[PDB]
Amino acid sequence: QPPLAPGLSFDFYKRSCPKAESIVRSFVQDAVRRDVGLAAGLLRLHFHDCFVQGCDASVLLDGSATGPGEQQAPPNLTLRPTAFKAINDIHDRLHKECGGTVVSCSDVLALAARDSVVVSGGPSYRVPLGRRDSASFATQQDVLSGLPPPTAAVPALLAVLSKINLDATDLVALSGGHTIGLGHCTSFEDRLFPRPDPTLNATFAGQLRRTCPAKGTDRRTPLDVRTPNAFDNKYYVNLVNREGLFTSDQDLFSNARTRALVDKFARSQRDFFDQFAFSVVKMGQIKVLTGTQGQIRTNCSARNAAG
């Protein structure tokens, strides 16, 4: 593992709810079997939360920008509704199984993301626990400052990541999250219209134009054209074929700082999986609340209102 943030530990709930991790995994395994895309939704939700203020469940709050109440966001800042619901359903199950409110929503996010990776065929890894839940709503400015757009090139991505102490190795490995899940036409339409972006494989560009025949097409397509739902290194095989979906994907292969790692991971899924496991655990410790800071929410969608 990477270093543990102060206040976090492996198996934090060993005494207070030893079954907690097992309960989350069982729920995710069943839920994803019914709704395959939920795994991508849960992984994304953990990333997104971490990049918006810190890994503190701020984005779960009804009232947070990009939260479950959000009606005034663009398609690519409108997160999958089933993933918000799954976190709450898991947290409800934990209330019953733990004998009360014990496990933070922030910890559920980190666990559910790991279980999503695993059920999709990805690597298992230990998740540090002990996070606590923010009582601050995320604002639009928090979202816009924290999250790079898919139009961003590597230097801009690295600048954002450096503020949260992630480097180019983490960028390339973590971007492999796009080995599962969906993207909206509007996140990549500028690469098609008016003319095709020269960095896009021309054969793929032709296929995407059926998928998104004009700007403003309200449709989603897999991030990974090779294996949409399997967690694997095919994301990187796409890049080396110039078939990354977003600018922020394909620039990983273009840019001198990141190209070697893209090649490495396209050639070795084991190398990708090892680095992903390290980097995603690093990501999930960004600006965490620990000790008595923050709350253990009784309802992941609301701040606790009675102490």
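Note that residue numbering begins at 1 and tracks the sequence as displayed.
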property	result
Mean C-alpha temperature factor, higher of 107-115 and 70-78	70-78
Stretch exceeding the other in mean C-alpha B-factor - 183-191, 81-89	183-191
Peak C-alpha temperature factor (PDB record), options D133, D218, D224, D232	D218
Per the PDB entry, maximal CA B factor within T151, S175, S120, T169	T151
Chain third (lowest, middle, highest) by recorded CA B-factor, residue given as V127	lowest
Record-listed C-alpha B factor of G63: chain third	highest
Third of chain Cα B-factors occupied by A306	middle
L245 by Cα B-factor - lowest, middle or highest third of the modelled chain	middle
Ranked C-alpha temperature factor of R25 among modelled chain residues, by third	lowest
